[PDB]
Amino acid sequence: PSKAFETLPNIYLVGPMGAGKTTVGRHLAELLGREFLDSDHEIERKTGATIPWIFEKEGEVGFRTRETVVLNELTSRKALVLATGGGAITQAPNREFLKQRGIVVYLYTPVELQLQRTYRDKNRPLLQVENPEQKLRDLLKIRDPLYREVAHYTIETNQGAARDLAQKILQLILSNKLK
């Protein structure tokens, strides 16, 4: 049906916790008639444990080693839209897999909106802290250049229909390519 887009590369969404990666990703996949996967959810599926449990029992290092293995595998698939984890771009091998194996889109999201969308979400181990706003801010200061460097496209998002943002991303990508 949208076999029309079968030769379009994988699309990889990057950005912080609360960027709407999975809601936008799933709409973008539906628009393209292809698969959608969330690497956070795939890590949980493959491990049989939640991400808080991985962080507690294996540390952040054990989460990163599991995440890199999953990303290596998922970026080798075809016809995918992938929502990546918020800290996936902290590791050099992941930056390379993403940049070199499809189209990377950075969902730039202000801290205010990250905060609202992760409000009392206990599944985000890094935000289980007294001051989650400062944490998000600190994380963004570090990771914003990394999101931008891996990204082919950056879209400065804001409160809205995830499906409107998915449309916009698809327009951006094709704008380039159809001329």
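Start at 1 and count along the sequence shown; that's the residue number.
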Assert higher mean C-alpha B factor (37-45 or 134-142, deposited values) equals 134-142
Taking the mean of the C-alpha B-factors per stretch from the entry, tell me the winner out of 69-77 and 82-90.
69-77
Quick one: which of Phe63, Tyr147, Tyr119, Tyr153 shows the highest Cα temperature factor in the PDB entry?
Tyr153
Sorting by Cα B-factor within the chain, modelled residues only, which third would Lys57 end up in: lowest, middle or highest?
highest
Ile169: CA temperature factor from the record, placed by chain third, in the middle
Report the third (lowest, middle or highest) to which the CA temperature factor of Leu32 belongs, ranking only the modelled residues of the same chain.
middle
By the entry's values, the third containing the CA B factor of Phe97 is the middle
C-alpha B factor of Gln159, ranked within the chain: lowest, middle or highest third?
highest
